[PDB]
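For the sequence shown, the residue numbers in the UniProt record's numbering are 59 to 214.
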Amino acid sequence: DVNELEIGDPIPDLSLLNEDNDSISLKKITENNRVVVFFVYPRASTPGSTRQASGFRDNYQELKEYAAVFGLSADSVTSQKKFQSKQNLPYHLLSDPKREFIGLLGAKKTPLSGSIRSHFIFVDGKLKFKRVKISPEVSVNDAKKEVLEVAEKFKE
């Protein structure tokens, strides 16, 4: 869209529903956690999305000492909940059917429909890593490297 986020831009002051149908404020997540990872997948419960979500699950015990982690897609709350429960995800999945946040992050597939596998890391409420169109493996591996990089910078 016209208002696409770039490095240094604040997180959009929007709220999205998690898999339990509870509203999560994007600003409040980034206020409570120095680092937040949003990973975007096209559709819940597909081989591609399962690979990405499961790698974040497998990294979660480690990452949760650095960052909050959220999955994000255009799926309904009920689709997100089925995905979360089947895959035993320890982090939340956010529903964005209008691709409002997905849009601003730069991850729409076409103006009309769909999302592109991506991830986005915010530090102190501002966009720090912007990874659009990557594989499930690259998303999982690079998100961890990037999170660890920014945590290192805090030591000064």
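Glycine residues also receive a C-beta, built at the ideal position from the N, C-alpha and C atoms.
Rounded separation between residue i and residue j - CA only
i: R115; j: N146; result: 8 Å
i: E89; j: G183; result: 7 Å
i: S176; j: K191; result: 5 Å
i: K140; j: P148; result: 13 Å
i: residue 54; j: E214; result: Here the chain has residues from 59 to 214 only, and residue 54 is not among them.
i: residue 44; j: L163; result: The displayed coordinates of the chain run from 59 to 214. Any statement about residue 44 would go beyond what the structure contains.
i: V60; j: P105; result: 32 Å
i: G66; j: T168; result: 25 Å
i: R189; j: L74; result: 21 Å
i: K166; j: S112; result: 23 Å
i: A201; j: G129; result: 12 Å
i: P155; j: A132; result: 4 Å
i: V94; j: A125; result: 5 Å
i: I87; j: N199; result: 23 Å
i: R92; j: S193; result: 26 Å
Residue i, buried or exposed, once every other Cβ within 10 Å from all chains shown has been counted against 16
i: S153; result: buried
i: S143; result: exposed
i: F97; result: buried
i: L185; result: buried
i: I69; result: buried
i: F180; result: buried
i: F159; result: buried
i: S107; result: buried
i: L170; result: exposed
i: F187; result: buried
In DSSP terms, what residue i is bridged to
i: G129; result: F97, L151
i: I82; result: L74
i: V208; result: In the DSSP output, where bridge partners are listed per residue, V208 has none listed.
i: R189; result: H177
i: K166; result: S173
i: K184; result: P68, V181
Nearest neighbour of residue i, chosen from the options [CA to CA]
i: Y99; options: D67, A209, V196, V205; result: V196
i: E120; options: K213, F212, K203; result: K203
i: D71; options: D80, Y124, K85; result: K85
i: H150; options: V127, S134, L206, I87; result: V127
i: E64; options: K211, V205, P194, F178; result: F178
i: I82; options: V135, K211, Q110, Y118; result: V135
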